[PDB]
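Coordinate inspection notes
The lines below spell out each chain.
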Amino acid sequence: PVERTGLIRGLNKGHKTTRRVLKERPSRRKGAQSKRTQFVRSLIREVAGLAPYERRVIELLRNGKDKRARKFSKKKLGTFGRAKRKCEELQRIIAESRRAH
Amino acid sequence: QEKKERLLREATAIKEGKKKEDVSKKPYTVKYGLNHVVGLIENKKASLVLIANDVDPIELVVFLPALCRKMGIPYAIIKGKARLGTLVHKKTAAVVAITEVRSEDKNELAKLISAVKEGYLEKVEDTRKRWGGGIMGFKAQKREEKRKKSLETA
Amino acid sequence: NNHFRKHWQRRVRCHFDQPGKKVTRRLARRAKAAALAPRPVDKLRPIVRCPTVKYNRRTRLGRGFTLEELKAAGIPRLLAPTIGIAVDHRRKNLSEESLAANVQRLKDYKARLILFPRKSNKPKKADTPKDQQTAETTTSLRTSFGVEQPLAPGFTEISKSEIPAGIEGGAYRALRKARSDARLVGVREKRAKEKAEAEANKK
Amino acid sequence: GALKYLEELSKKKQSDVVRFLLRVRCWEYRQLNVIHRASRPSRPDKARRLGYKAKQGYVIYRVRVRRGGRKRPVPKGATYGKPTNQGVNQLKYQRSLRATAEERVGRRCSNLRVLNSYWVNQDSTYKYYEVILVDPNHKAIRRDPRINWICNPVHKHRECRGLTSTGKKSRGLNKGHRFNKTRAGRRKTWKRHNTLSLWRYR
Amino acid sequence: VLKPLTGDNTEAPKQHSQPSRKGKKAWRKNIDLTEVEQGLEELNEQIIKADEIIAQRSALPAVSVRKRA
Amino acid sequence: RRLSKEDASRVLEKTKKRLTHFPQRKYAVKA
RNA sequence: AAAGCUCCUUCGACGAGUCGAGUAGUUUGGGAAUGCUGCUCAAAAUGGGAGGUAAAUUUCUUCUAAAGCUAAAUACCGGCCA
RNA sequence: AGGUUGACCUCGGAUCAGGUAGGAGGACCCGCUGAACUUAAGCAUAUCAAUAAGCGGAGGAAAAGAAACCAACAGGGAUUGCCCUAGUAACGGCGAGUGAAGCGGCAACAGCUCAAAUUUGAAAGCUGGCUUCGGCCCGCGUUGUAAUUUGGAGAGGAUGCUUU
């Protein structure tokens, strides 16, 4: 942590106190991916397969319409970040489908 | 009753001072319970898995063949959760598993596992990827055959 | 502005029961004190600093001591509420000053604490013996362990040879410069990046 | 455990397997009664995570409710007043169909206490729920300390007062700035804000 | 192996000749992803690929919920 | 229809262990 | 037999027609959506929510939703006793 | 005997054995539904009012409640109530009018429990009946009842004292 400047204005403003590095709280470990969680999710992906909108996005990504696929993913999921993450996931799926073959 | 007799024997054993492990031996039984069998398959301790074909809701066991194939466990779908319950002293049993057996039944377990491997799994390898259903009713099939015969004659 | 355009008369609250409620509160307080004797009627609270720039000059009492404060004081988290120490699992120590102050407060409390045995027949090692179980005690931890210095001392005397030299350029100029740098942190970064990109393009 | 696999599979509701199961179960539940008893939960992982135990005293009822909005029960669609209150269609009930199903199941079973409920299926006309109820007069329930809180008379008809999960959501009982009007009770907060406090030495 | 009677069309539903791409039914049936699905399947099989017979397992590591004593 | 005294006073095993090893002590603070 | 304290290579499961988005009605001081509900779409794994001006990019700070219990301070034109 | 004998699953019957619910009261409390008179020259936004009436559900209190919080600080730390914030921010034919929240002082303070883990060297858990009160049976349950864990952590390992 950068020491504060001891002023009320500007960059790094505030009273000078000696900072402490804390051990990370266990509630902040949410989102960290576990080994058994990866295994269960991959097996369930194998059993279930693709959703219809995922199949449409996969068709668009094979055809190369990346912008159209991201627009469709945004219209389907709701937000730009979720659309981007889903498109990257389906790029990963297509890449590992074609690469190891 | 057998558990009660064993508990009285172990209580006597700890009464004169020897541990319960001196009087009681390692038990070999059929492992049952869905969560227990799933954990055994995940830890790759189960030697043979027998799944029941008539479990509802089917999501309880629909992933079990895929999990057994992914861990390389010999599995077999068998008829009768009540029949497995007769094994495990319950009314029903969704899945049973053999992990270890006694020394005199190693050959029998190996022959049963090999019998499963070349008698069930190799035959169902093609069929397990194939969709079911699609069967027409009796009158629908009769109308279809009549129409097909008329088209062939015409 | 007078807001009486609703049916206000059926929700008028009068406070004729103010002394009766005060007497009821005092009765409850004395009953709780008698039930909790010889322990104090309230639990020990840490010294915390108030949020925002308006109130960070003042310190007050917190909800409870943190787990790190209890660990550094040596008081286990399952023992502290049983000996009268409030525990807060939400609060964190981001600086050493509050941590040291609260650890010293906990050590003072543990030094002034008398622990009667669970069974008087078998006194344990942590339990206080009957020889010094008898001492002058307190019943209000809010009064005995209060906020001694809520605010910094506003008057301090220094000798004339230790007058500080001062910020170079002046304090007003320093404040104006700090505000200017805070407002221009981004434009300067763009111009540095553009100069670096131009140098890279021109090789 | 298998229930992690059931949870991850139940997350995938648009897959072919889950779609087929949902279709056949929706047909079966539509052929059954509007309110009936399920011998076992059709979603055991969901029931377990909502509180169902395989113990004598925990009972599962399946229920379907008609979906859509709420139409005013006014005669011939005429609302007699100002035109801003004159709308009849496109009006929405302020509680969930899950809560309506919970009240109907609780009225069916007046001796039991509605613990919770969950979605199992839906079509164009109906939404289907399975409701978990606890028997407060059963000795196992009264001796289990994890569930014997519901035996107290303060928990009579939780679904009729909104003390279930859907009731708390509909009442907006959440901490934060977005729930300023409703986090402690909307009418109670309104009365606190609208009361006139006159002291003695004012 | 005891097998039941099975209808004539035994694959996934498909109408790949149709050009319409509107709707969930069109996305399920008109879209042809058989090459991708076969790639997933063959990759999964490549990953999968007396006492010896009993203890013979696959090459994947064991998955544990917790460290158990 | 009220719960029995024993049924209302039943506690979990973890609560029993916690109360056994860490009960509400009797203490005092010196002035 | 159970229980706490100290340290640590490693592990560390955490709630889905739910969150969220669009639209409609209603509501709010909440104003390019404050809350609720209906319909449609429909998630993710350092992920998700929030950070009171809509959007992209890069950061930061907070908590950890979709399961549940819990006395006191609080209200009281009903009942009983003063 | 196998055209037989049974085991399960689902759905029923019984004046079966044992229990529970209804109605009252409703000042206060938790929700649903929901006006108009009135005030703005009149008036369909608005106001009255998220009120009256109507409906469902509790208790001595109810509800809320141990952060998917507030904040932007040198950080506070479950809920509730009072004083202040403040007739302020904000909303509104920006008109009539409407209208919070953070911080701060006080009153009172108390924390917790499940799901997601294999006890697997032993369903260790529970309802009911008969008891001679030692227990024994009929069952529930492995599609999961005990112990363990809950994010503050914990699980495993080391370690030496304490604890009942």
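Just above sits the structure.
Residues numbered from 1 in each chain as written, not as in the entry; some residues may be left out. Chains lettered and ligands numbered in written order. Part of a larger assembly, values for the part shown. Heavy atoms only, no water. Residues with missing side-chain atoms left out of burial classes, pairs and counts.

Some remarks on the nonpolar core
- Ranked by size, the top nonpolar core spans 48 residues in total, and within it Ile41, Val49, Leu64 and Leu67 of chain B together with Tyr5 of chain D carry the most contacts.
- Per element, the largest residue contribution to this core is six residues, and it comes from helix 6 (residues 106-127) of chain B.
- Residues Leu115, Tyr128, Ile132 and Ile147 of chain D belong to the second largest nonpolar core, which totals 19 residues. (Core = buried A, V, L, I, M, F, W, Y, C linked by side-chain atoms within 4.5 Å. Buried < 20%, exposed > 50% of the residue type's maximum accessible area, 1.4 Å probe, protein only. Helix = DSSP H or I, 4+ residues; strand = E, 2+ residues; numbered from the N terminus.)

Observations concerning the arrangement of the chains
- Here 10 pairs of chains make contact, and the pair sharing the most contacts is chains B and E.
- Between chain B and chain C there is no contact, and the shortest C-alpha to C-alpha distance separating them is 31 Å.
- Of all C-alpha pairs spanning chain B and chain F, none lies closer than 24 Å, and the two are not in contact. (Contact = heavy atoms within 4.5 Å.)

Some details on the pattern of salt bridges
- For the structure on display, the rule yields 32 salt bridges over all chains.
- Of the charged contacts in the structure, one is a salt bridge between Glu89 of chain A and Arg45 of chain A, with a shortest N-O distance of 2.9 Å. Of this pair, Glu89 of chain A sits in helix 4 (residues 80-99) while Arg45 of chain A sits in helix 1 (residues 35-48), and the two are 44 residues apart along the sequence.
- Between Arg25 of chain D and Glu59 of chain B there is a salt bridge, with the nearest N and O atoms lying 2.6 Å from each other. (Salt bridge = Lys/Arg side-chain N within 4 Å of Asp/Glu carboxyl O.)

So, the protein's contact with RNA strand G
- Taken together, 71 residues lie around RNA strand G, and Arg29 and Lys84 of chain A together with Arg43, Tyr93 and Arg178 of chain D are the ones closest in.
- The sugar-phosphate portion of RNA strand G accounts for 68% of its atoms within 4 Å of the protein, the bases making up the rest.
- Here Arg95 of chain D contributes a backbone N or O atom positioned 3.5 Å from a sugar or linking oxygen of RNA strand G.
- Side-chain polar atom of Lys127 of chain D to a phosphate oxygen of RNA strand G: 3.0 Å apart, as the coordinates give it.
- Looking at which element gives the most residues to the surface near RNA strand G, the answer is helix 4 of chain A, with six residues.
- Of the residues belonging to the surface near RNA strand G, the class tally is 13 nonpolar, 21 polar and 37 charged. (Near = heavy atom within 4 Å. Polar contact = N/O pair within 3.5 Å; in protein donor to acceptor, adjacent residues only side chain to side chain. Nonpolar A, V, L, I, M, F, W, Y, C, P; charged D, E, K, R; others polar.)

Some remarks on helix 4 (residues 64-71) of chain B
Residue and element names in this part refer to chain B.
- Helix 4 sits mainly inside the fold: seven of its eight residues count as buried.
- Looking only at helix 4, the buried set comprises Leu64, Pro65, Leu67, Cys68, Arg69, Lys70 and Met71.
- Positive backbone phi, at 70 degrees, marks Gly72, one or two positions downstream of helix 4.

Side note on the sheet that holds strand 4 (residues 113-115) of chain C
- Taken together, three strands build an open sheet; the order of strands is 4(C)-1(F)-5(C) and the sheet is antiparallel. Where the open sheet ends on each side, the last strands, each with one partner, are strand 4 and strand 5 (137-138) of chain C.
- Direction of pairing for strand 5 of chain C relative to strand 1 (residues 27-30) of chain F: antiparallel, over a ladder of two bridges. Looking at the pairing, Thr137 of chain C lines up with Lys30 of chain F of strand 1 of chain F. (Pairing = 2+ DSSP bridges.)

Side note on the interface of chain E and chain B
- Facing 26 residues of chain E, the contacting portion of chain B comprises 29 residues.
- Across the interface of chain E and chain B, roughly 2,300 Å² is buried in total on both sides, 56% from carbon and sulfur atoms.
- If you sort the residues of chain E by the area they bury against chain B, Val1, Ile54 and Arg57 of chain E come out on top, with a joint share of 27%.
- Seen at the junction of chain E and chain B, the total is one salt bridge.
- At the boundary of chain E and chain B, one finds 11 residue pairs in polar contact.
- Among the elements that take part in the side of chain E that touches chain B, helix 3 (residues 51-55) of chain E stands out by supplying three residues, more than any other.
- Residues belonging to the side of chain E that touches chain B are distributed by class as follows: 14 nonpolar, six polar and six charged. (Buried area = accessible area lost by both parts, 1.4 Å probe.)

Details of the interface of chain F and chain D
- Contact residues are listed per partner, giving seven residues for chain F and eight residues for chain D.
- With both sides pooled, the region where chain F packs onto chain D buries about 740 Å², and carbon together with sulfur makes up 45% of that total.
- The largest share of the area that chain F buries against chain D comes from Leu3, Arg10 and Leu12 of chain F, three residues that together contribute 65% of it.
- Across the chain F-chain D interface, the total number found is one salt bridge.
- Between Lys139 of chain D and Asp7 of chain F there is a salt bridge, with the nearest N and O atoms lying 2.8 Å from each other.
- Applying the counting criterion to the chain F and chain D interface returns four residue pairs in polar contact.

Points about the protein's contact with RNA strand H
- The full set close to RNA strand H counts 146 residues, and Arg63, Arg77 and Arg90 of chain C together with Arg72 and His177 of chain D are the nearest of them.
- Looking at RNA strand H alone, sugar and phosphate atoms form 72% of those within 4 Å of the protein.
- Take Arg171 of chain D: an N or O atom from its side chain is 3.0 Å from a sugar or linking oxygen of RNA strand H.
- Within the side chain of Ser197 of chain D, a nitrogen or oxygen atom sits 3.0 Å from a phosphate oxygen of RNA strand H.

Notes on the pairing of strand 4 (residues 126-134) of chain D
Residue and element names in this part refer to chain D.
- Burial analysis of strand 4 places eight of its nine residues in the buried class, the great majority of the element.
- Where strand 2 (residues 58-66) and strand 4 come together, nine bridges link them in antiparallel fashion. Across the sheet, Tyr58 pairs through a bridge with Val134, a residue of strand 4.
- For strand 3 (residues 113-122) and strand 4, the ladder comprises eight bridges, and the chain directions are antiparallel. The residue of strand 4 that forms the bridge with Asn121 is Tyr128.

Here's the deal with the environment of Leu61 of chain C
All names here are of chain C.
- With respect to the element layout, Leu61 can be found in strand 3 (residues 59-61).
- On a C-alpha basis, the gap between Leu61 and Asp131 in space is 34 Å, while along the polypeptide they are 70 residues apart.
- Not counting residues up to four positions away in its chain, the partners in contact with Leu61 are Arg45, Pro46, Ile47, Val48, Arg105, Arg142 and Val147.

A few points about the packing of aromatic side chains
- With the rule as written, the count across this model stands at seven aromatic pairs over all chains.
- Centre to centre, the rings of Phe72 of chain A and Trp27 of chain E are 5.1 Å apart; their planes meet at 90 degrees, and the pair counts as edge-to-face. Of the two residues, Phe72 of chain A sits in helix 3 (residues 66-77) while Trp27 of chain E sits in helix 1 (residues 24-29), which places them in two different chains.
- Consider the rings of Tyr29 of chain D and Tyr128 of chain D, whose centres lie 6.1 Å apart with planes at 50 degrees: the pair is tilted. (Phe/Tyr/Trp six-rings, centres within 6.5 Å; stacked < 30°, edge-to-face > 60°.)

Notes on a positive patch on the surface
All names here are of chain C.
- A cluster of basic side chains, namely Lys21, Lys22, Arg25, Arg26, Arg29, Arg30 and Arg142, defines a positive patch on the protein surface.
- Ranked by residues supplied to the positive patch, first place goes to helix 1 (residues 18-36) with six residues.
- On the secondary structure map, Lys22 appears in helix 1. (Patch = residues over 30% accessible without salt bridge, like charges linked within 9 Å, V, L, I, M, F, W, Y side chains within 5 Å. Areas by Shrake-Rupley, 256 points an atom, 1.4 Å probe, with all protein chains shown as cover. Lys, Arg positive; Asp, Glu negative; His and termini not counted. Charge placed at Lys NZ, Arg CZ, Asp CG, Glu CD.)

Things to note about a nonpolar patch on the surface
- Judged by side-chain polarity, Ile8 of chain A together with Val53 and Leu175 of chain C come together as a nonpolar surface patch covering roughly 300 Å² of accessible area.
- Inspection of the secondary structure assignment puts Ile8 of chain A in the segment before helix 1.

What to know about the sheet that holds strand 3 of chain D
Residue and element names in this part refer to chain D.
- On the basis of which strands lie adjacent, the open sheet formed by four strands has the order 1-2-4-3 and antiparallel pairing. Each end of this open sheet is capped by a strand with a single partner; those strands are strand 1 (35-38) and strand 3. When the angles between neighbouring strand axes are averaged without regard to direction, this sheet yields 30 degrees. (Axes fitted to C-alpha atoms, helices over the stretch in contact; angles between N-to-C directions.)

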